[PDB]
Q: 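Take a look at this one; I'll ask things after.
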Amino acid sequence: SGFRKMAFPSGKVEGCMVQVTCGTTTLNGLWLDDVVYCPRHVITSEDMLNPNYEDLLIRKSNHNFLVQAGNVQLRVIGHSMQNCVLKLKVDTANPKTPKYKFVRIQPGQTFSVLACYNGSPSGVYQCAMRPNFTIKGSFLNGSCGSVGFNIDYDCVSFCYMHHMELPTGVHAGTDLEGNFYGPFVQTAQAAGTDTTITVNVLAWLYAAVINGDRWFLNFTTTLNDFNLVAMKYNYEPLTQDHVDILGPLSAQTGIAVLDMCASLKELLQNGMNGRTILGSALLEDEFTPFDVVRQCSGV
Amino acid sequence: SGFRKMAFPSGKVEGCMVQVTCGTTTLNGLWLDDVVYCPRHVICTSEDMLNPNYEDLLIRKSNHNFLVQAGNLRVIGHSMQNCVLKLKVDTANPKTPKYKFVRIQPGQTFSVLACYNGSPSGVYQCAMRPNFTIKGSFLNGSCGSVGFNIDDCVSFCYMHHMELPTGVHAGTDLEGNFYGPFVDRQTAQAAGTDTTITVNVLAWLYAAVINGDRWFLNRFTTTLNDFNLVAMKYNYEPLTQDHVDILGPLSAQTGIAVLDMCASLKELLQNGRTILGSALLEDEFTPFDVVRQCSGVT
Ligand SMILES: *C(=O)c1ncc(Br)cc1OCc1ccc(Cl)c([N+](=O)[O-])c1
Ligand SMILES: *C(=O)c1ncc(Br)cc1OCc1ccc(Cl)c([N+](=O)[O-])c1
């Protein structure tokens, strides 16, 4: 019973968090095998306005990089820049390296973030890659290098590394190969208009029904008619593959996807009239259909 | 920037999670030093759950009736302390962190590492409600999962025991004493009237102001007494002077007096926009939680 925004257990990622210092800049890094991954902007405030990163790295040597893993000091024997991440080769392989992969997720997918400062964990929480490729996280100065991940049974899938806090107050970063999610690269950078992850909202309504919350159940509708309503309310268009992913939840609940779409159409056109769903007064869109299944089945 | 419901990093607790089996009942256990702690109802059959005589049931079981799984342990002793089983094992957990057993107060927060068959499944932050229930996510098989705070030292405060028909959850401290009026028996058990943790709501309003959301801020004032008259009507817990003292540091950081924040809350209750992306008033961040997240304590 119950339904919570649930993060993956973070023990496997905690063992890979180290502290990287260049000059006076200190941030977090990720230590897997004999390589430490960290944001490349670790290399001044004057540089923050228009850095020629290739030119700034040139002036750097291996001993200019201080990688600390708890109390032990790692010696850097090589450095290279891949897109927007630094890769520092160290003389020791991380003995706590889990089975891992680097994955680039799609907008709408969820992951857990282990927020870190000075290489030490401070907290873990679940969030989602918004359609405009930002995330609404909790990141203070010093959190850069914190990574987002999914755990697919024993294997850690690193998908995010924190790089920046936009003036909007939302956050942007890269995958573990250094490619920013979205158009982001210290200048004014506008994120796109954010929209609601429709397939996630529908999955969350399935979670509600499973947990006894059914007052919003109604009508039917077509994929097209619902999408016309979804476009008006800044909702992502619902495709047939979204309907297929919602299959298992439809079978378990006995509620056809297009029937749930009609209930959501009503919820969008009429609002919630002060009622709550799973203790929320808003429509929640940061649970994937896989998230709902995992929590309700207990994987 | 930002404010999230944030759980403690769970690595230290993961290393203490084992799987405990007695007969056909399997649930989670906590392995610290040479002792495995688990709910004592692991020894009950389904017929026993309606009126178990735990002493009579434990008497008929021996050490070898307990199969303790630590990933892929021999039990050399068993004892019953209130509602928890204490299984002495021949091996001390090499991953035992520095730990303490603590009994928290209503309104305090902790992280829950939800587990099934001794394997972690997820971590989330919740609060001990005033009626001593928690609004968690617990399926059958989750019993033995523990709630904790981290101060290098892990403070274990909760062990899950039962899912009420209400859909809320109840458990004990690590000494076996239930939070609330609940017993480990399958009968209808009523939780109290739940109330809103007023001091937590005020802390969350400070987090909002810290993060740029200030529209709810007024110029009115109030006394502790007048505010409590309003709070009583809306099923809010009464705010004492100790609660005003706890909110001191947040007042200093924001420059907003505690009683001024209480006056702003008077509006929100009497008149009902979003605050930190929420359309409801959140009461599961303590003032210590807000400081920890906004100052970045690792
Ligand atoms: C960010 O995590 C961080 N921590 C510590 C220090 Br010192 C500097 C940090 O990055 C600041 C920052 C903010 C915004 C942008 Cl866009 C950049 N950047 O040029 O990448 C850096
Ligand atoms: C609970 O975590 C659990 N998991 C697996 C099995 Br098999 C049995 C479990 O406990 C069921 C349960 C439910 C409610 C109550 Cl009140 C009790 N109890 O008598 O303590 C047990």
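Sequence lines set the chain letters: A, B, ... in the order given, protein chains first and strands last, and positions in each chain run from 1. Reckoned from all heavy atoms, side chains included, excluding hydrogens, waters and symmetry mates.
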Q: Using a 4.5 Å cut-off on heavy atoms from C-beta on, say whether the side chain of B:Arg4 contacts that of A:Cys127.
A: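 A side-chain contact exists here, since the closest heavy-atom pair is under 4.5 Å.
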
Q: First locate atom CG of B:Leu202, then atom CZ of B:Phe285, and finally report the distance between them rounded to the nearest 0.5 Å.
A: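 Reported to 0.5 Å precision, the distance equals 14.5 Å.
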
Q: Does the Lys NZ or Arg CZ of B:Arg292 fall within the cation-pi geometry relative to B:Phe8 - under 6.0 Å from the ring centre and within 45° of the axis?
A: yes

Q: Taking side-chain hydrogen bond (donor to acceptor under 3.5 Å, both in side chains) as the cut-off, I'd like each qualifying pair that reaches into residues 246-256 of chain A, sequence neighbours left out, listed once.
A: none

Q: Are B:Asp226 and B:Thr223 linked by a side-chain donor-acceptor pair shorter than 3.5 Å?
A: no

Q: Please name the pair of heavy atoms, one in B:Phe3 and one in B:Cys294, separated by the smallest distance, quoted to 0.1 Å.
A: CE1-SG, 3.9 Å

Q: The criterion is side chain to side chain contact (heavy atoms under 4.5 Å, CB included); which residues satisfy it with B:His243, sequence neighbours excluded?
A: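 Here the qualifying residues are B:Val199, B:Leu239, B:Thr240, B:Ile246.
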
Q: Report yes if the side chains of B:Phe227 and B:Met261 come closer than 4.5 Å at any heavy-atom pair, otherwise no.
A: no

Q: Within the 4.5 Å heavy-atom criterion, are B:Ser142 and B:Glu163 side-chain neighbours or not?
A: yes

Q: Is there a donor-acceptor pair closer than 3.5 Å between any side-chain N or O of B:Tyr206 and the backbone N or O of B:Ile256?
A: yes

Q: Taking it one step at a time, do B:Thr196 and B:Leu281 satisfy side-chain contact (heavy atoms from CB on, under 4.5 Å)?
A: CA-CA 9 Å; B:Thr196 302; B:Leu281 301 176; over 6 Å; no

Q: Taking A:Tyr125 for the side chain and A:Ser138 for the main chain, is one N or O donor matched with an acceptor at less than 3.5 Å?
A: yes

Q: About how many Å separate CZ of B:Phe156 and CG of B:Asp173, when rounded to the nearest 0.5 Å?
A: 13.5 Å

Q: Is it the case that the side chain of B:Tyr158 and the backbone of B:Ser111 share a donor-acceptor pair, with hydrogens and angles ignored and the cut-off at 3.5 Å?
A: no

Q: Donor-acceptor pair, distance only, cut-off 3.5 Å: does the side chain of B:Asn28 make one with the backbone of B:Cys143?
A: yes

Q: Hey, does B:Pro287 have a side-chain heavy atom less than 4.5 Å from the side chain of B:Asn200?
A: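 The answer is yes, as the side chains (C-beta and beyond) meet within the 4.5 Å cut-off.
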
Q: Ignoring hydrogens, what is the shortest heavy-atom contact between B:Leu27 and B:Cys38? Give both atom names and the distance.
A: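 Residues B:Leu27 and B:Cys38, closest heavy atoms: CD1-CB, 3.9 Å.
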
Q: Measuring from atom CG of B:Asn177 to atom SG of B:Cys83, what distance do you get when rounded to the nearest 0.5 angstrom?
A: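 SG of B:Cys83 is found 7.5 Å from CG of B:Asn177.
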
Q: Using the rule given for side-chain contact (heavy atoms from CB on, under 4.5 Å), can you reason through B:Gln189 versus B:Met162, listing the C-alpha separation, both sets of side-chain angles and the distance that settles it, and then say yes or no?
A: CA-CA 11 Å; B:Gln189 317 184 219; B:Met162 64 195 207; 3.8 Å; yes

Q: Hey, is the main chain of A:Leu282 close enough, under 3.5 Å, to the side chain of A:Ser280 for a donor-acceptor pair?
A: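 Checking the backbone N and O of A:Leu282 against the side chain of A:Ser280, a donor-acceptor pair under 3.5 Å is found.
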
Q: Please check this pair: side chain of A:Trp215 against backbone of A:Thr276, looking for a donor-acceptor N/O pair closer than 3.5 Å.
A: yes

Q: Test of understanding: with side chain to side chain contact (heavy atoms under 4.5 Å, CB included), list the residues that count as partners of B:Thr193, not counting sequence neighbours.
A: B:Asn235

Q: Is there a side-chain contact (heavy atoms from CB on, under 4.5 Å) between A:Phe216 and A:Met272 once you walk through the steps?
A: CA-CA 9 Å; A:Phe216 52 90; A:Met272 295 192 56; over 6 Å; no

Q: Give a yes-or-no answer on whether the side chains of B:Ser155 and B:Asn149 include a donor-acceptor pair shorter than 3.5 Å.
A: no

Q: Considering all heavy atoms of both residues, which atom of B:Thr25 and which atom of B:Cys44 are nearest to each other, and what is their separation?
A: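 Closest approach of B:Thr25 to B:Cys44: OG1-O, 3.3 Å.
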
Q: Who are the salt bridge (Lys or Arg N to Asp or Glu O under 4.0 Å) partners of B:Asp184, not counting sequence neighbours?
A: B:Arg40

Q: Show me the pairs that pass salt bridge (charged side-chain N to carboxylate O under 4.0 Å, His left out) and involve residues 125-143 of chain B, at least two apart or across chains.
A: B:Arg129-B:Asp194, B:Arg129-B:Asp283, B:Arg129-B:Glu284

Q: If every non-hydrogen atom of A:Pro9 is compared with every non-hydrogen atom of B:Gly122, which pair is closest and at what distance?
A: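 Scanning both residues, the minimum pair turns out to be CG-N, 3.9 Å.
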
Q: Evaluate the side-chain proximity of B:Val13 to B:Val123: yes if any heavy-atom separation is below 4.5 Å, no if none is.
A: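 The answer is no, as the side chains (C-beta and beyond) never meet within the 4.5 Å cut-off.
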
Q: Provide the closest heavy-atom pair for B:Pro130 versus B:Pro106 in the form atom of the first, atom of the second, distance.
A: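 Closest approach of B:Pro130 to B:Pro106, heavy atoms only: CA-CB, 3.8 Å.
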
Q: Do B:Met128 and B:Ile134 pass the side-chain contact (heavy atoms from CB on, under 4.5 Å) test, and can you show the C-alpha distance, the side-chain angles, and the key distance before you say yes or no?
A: CA-CA 5 Å; B:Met128 183 66 57; B:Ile134 75 182; 4.0 Å; yes

Q: Taking B:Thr45 for the side chain and B:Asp48 for the main chain, is one N or O donor matched with an acceptor at less than 3.5 Å?
A: yes

Q: Are A:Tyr235 and A:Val201 side-chain neighbours, meaning at least one heavy-atom pair lies under 4.5 Å?
A: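 When only atoms from C-beta onward are counted, A:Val201 and A:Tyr235 do touch, with a gap below 4.5 Å.
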
Q: Verify, without hydrogens or angle tests, whether B:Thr166 (side chain) and B:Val168 (backbone) share a donor-acceptor contact under 3.5 angstrom.
A: no

Q: Quick check: closest heavy atoms across A:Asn150 and A:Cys159, and the distance to 0.1 Å?
A: ND2-SG, 4.2 Å

Q: Please name all residues satisfying ring-ring contact (aromatic ring centres under 6.0 Å, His included) with B:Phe138, sequence neighbours left out, ordered by chain then number.
A: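 Testing B:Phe138 for ring-ring contact (aromatic ring centres under 6.0 Å, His included), a comparison that skips the adjacent residues, returns B:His160, B:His169.
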
Q: Verify, without hydrogens or angle tests, whether B:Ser145 (side chain) and B:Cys115 (backbone) share a donor-acceptor contact under 3.5 angstrom.
A: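 At least one qualifying donor-acceptor pair exists.
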
Q: To the nearest 0.5 Å, what is the distance between CG (B:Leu113) and CD (B:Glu14)?
A: 6.0 Å

Q: Could you state the interatomic distance from OG1 (A:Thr221) to CG (A:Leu258), rounded to the nearest 0.5 Å?
A: 7.5 Å

Q: Is any side-chain heavy atom of B:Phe182 closer than 4.5 Å to one of B:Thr172?
A: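 A side-chain contact under 4.5 Å is absent here.
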
Q: Is the shortest side-chain heavy-atom distance between A:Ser263 and A:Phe219 below 4.5 Å?
A: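 No, their side chains stay 4.5 Å or more apart.
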
Q: How about A:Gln106: does its CD atom have over 12 heavy atoms from other parts shown lying under 6.0 Å from it?
A: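 No, not enclosed.
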
Q: Hey, could you give me the CD1/CD distance between B:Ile197 and B:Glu237, rounded to the nearest 0.5 Å?
A: 8.0 Å

Q: Determine yes or no for a side-chain-to-main-chain donor-acceptor pair under 3.5 angstrom, with B:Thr109 supplying the side chain and B:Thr286 the backbone.
A: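 Between the backbone of B:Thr286 and the side chain of B:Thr109 there is no qualifying donor-acceptor contact (under 3.5 Å).
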
Q: Without hydrogens or angle criteria, can the side chains of B:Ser119 and B:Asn117 be said to hold a donor-acceptor pair below 3.5 Å?
A: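 On atom types as modelled, these side chains do not qualify, holding no pair under 3.5 Å.
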
Q: Do B:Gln293 and B:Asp289 have a side chain donor and acceptor closer than 3.5 Å?
A: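 No, because no side-chain N or O of B:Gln293 sits under 3.5 Å from a partner of the opposite role on B:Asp289.
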
